[PDB]
């Protein structure tokens, strides 16, 4: 009663795998954040009485969220840290690993609990994304590719869009992205702040 859901990773990255700078995001793309919130919050209409998605994030990512914005609303948040702890929040869940977070979640939101888990997302940062990529239950990446080599200081840890990984990681058709996300999703390049980005979905067989 532990390995019955697959994990999905969601990330916005440049073409050089850049994800962050100065402990935040090195762009401010309101439509991209709005895509993030929709994908991570979407629960099919039949289920959205009692079901919620989960966002799993590293301690530095938790600290990068503006104070007045965390925990991230309408999702079950869990912060991963090896220091139990001082953290903070709000009744905020924490765990010392991805698997400890899963155990915590299945124990807390058990078959009887009023709130039920729908999908579980890993939402960053690089260190946690590294652990997610090694996890046997991770099978899907929702990537926003940012077509600009923006200066970054933190990078996505595995070059999953590169030739060396292309027998393992496959890019899905846009209709399949829409069907998974449950809504119409812009197709191809969007321009905001004078650079182009686009939404992709990649999968790995379990």
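Positions refer to the first chain, counted from 1.
Asks: Give the stretch, out of 87-95 and 102-110, with the larger mean C-alpha temperature factor in the deposited entry.
Replies: Per the deposited B-factors, the answer is 87-95.
Asks: Pick between 44-52 and 158-166: the one whose mean CA B-factor in the entry is higher.
Replies: Looking at the record's C-alpha B-factors, the answer is 44-52.
Asks: Comparing recorded Cα B-factors across 172, 149, 153, 139, which one is largest?
Replies: Comparing C-alpha B-factors across 172, 149, 153, 139, the top value belongs to 149.
Asks: Which of these, 57, 145, 67, 39, has its C-alpha atom at the highest B-factor, as the entry lists it?
Replies: Top of the list by C-alpha B-factor: 67.
Asks: Would you mind ranking residue 115 by its C-alpha B-factor against the rest of the chain and naming the third, lowest, middle or highest?
Replies: Highest third, going by the recorded CA B-factors of the chain.
Asks: Taking the chain's C-alpha temperature factors as the reference, tell me which third residue 17 falls into: lowest, middle or highest.
Replies: Within its chain, residue 17 is a lowest-third residue by C-alpha B-factor, going by the deposited values.
Asks: Would you mind checking where the Cα B-factor of residue 4 ranks among the modelled residues of its chain, as the lowest, middle or highest third?
Replies: For residue 4, the deposited C-alpha B-factor lands in the highest third.
Asks: Within this chain's modelled residues, let me know which third the CA B factor of residue 25 belongs to: lowest, middle or highest.
Replies: Answer is middle: the recorded C-alpha B-factor places it there.
Asks: Thinking about Cα B factors across the chain, which third does residue 185 belong to?
Replies: CA B-factor rank for residue 185: highest third.
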